């Protein structure tokens, strides 16, 4: 009881994750810059299935079109040498000072045109490399002060940018979908579409909604004090869980990005319970930063523990759902009754049913216990291996 990943677990990492050199808003870098080749080799050794990338993780901002190709060719060699895939790719529209007021909602209209052209060039690459999902994190879309952004106009510009992306993909015939990744704040004071629910809502107003879903990340819902497995339940109920970012976060503070398992560990248990019982079948992607305390040995430790923690919690969630005593408890708590329709008899029948009101014994019903605490300690004893 040992927990060894293989490439079939679908574990992926961004280049920026094991590649983060530990430069924070108060500190210089503490690690040198990894070659993308490197990282591909090391990650394949650890059992990973693939990697993801921003355009500028792969090709240095500014690159000519003969360096560009060079970068790509090296990359491609390493994937072919290791068997690693590239399921997902994304654009950096945050680093470069030109992005300081956003990329698709920046007040300057020339910036907003340049954000779309940067994006479209990388969609073509991603498609080349075989990615299925193209993520958009608008981390610079938002404001520090209430008169600097009209939000209605800015959502109009964001819808315009996603609609022209949708056009371009369907005009090229590409098989690629888009996944918006919410974040509530940081590095802007407030970030537009700050949660999964605001990103799901916004999708429903694009021209082609079936092209877009979400990429929620553990630590960014938690940065609003929200229940991340409830978030993901709703995204699954909408049909829009295209991709996920897995990692940890200790409560409402700056975005920590700790390895997956760290943070809220019970939330991580019920998230694995839910992905595996809903049958999510996209990549289990880790968007994490190895703390800057760490050297490169710490880096590969940290990326391994991500995968380990995922497999342990999988095993404990599967044994919980398999346990007859737990399935008895779930009946005692009437989760079987939550899955049945309230009134499949229809409205008229409901309205003529005296047992539904006139002759409903409210006291007898209020007196029933829900038996949730016994059910939740069962879940505790399963996660701790006490069962």
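Residue numbers count along the first chain shown, from 1.
Remark: stretch with higher mean C-alpha B factor among 3 to 11 and 376 to 384 is 3 to 11. Here the stretch with the larger average CA B-factor, out of 231 to 239 and 130 to 138, is 130 to 138. Each of 159, 121, 266, 183 has a CA temperature factor in the record; the biggest one is found at 121. Across the residues 369, 22, 25, 19, the deposited record lists the maximum Cα B factor for 25. Per the deposited record, the Cα B-factor of residue 282 falls in the highest third when ranked against the other modelled residues of its chain. In the deposited entry, the Cα temperature factor of residue 341 sits in the middle third of values across the chain's modelled residues. Annotation for residue 147: C-alpha temperature factor in the lowest third relative to the rest of the modelled chain, per the entry. Looking at the C-alpha B-factors along this chain, the one for residue 334 belongs to the middle third.
For residue 291, the recorded CA B-factor ranks within the middle third of the chain. Only modelled residues enter the ranking.
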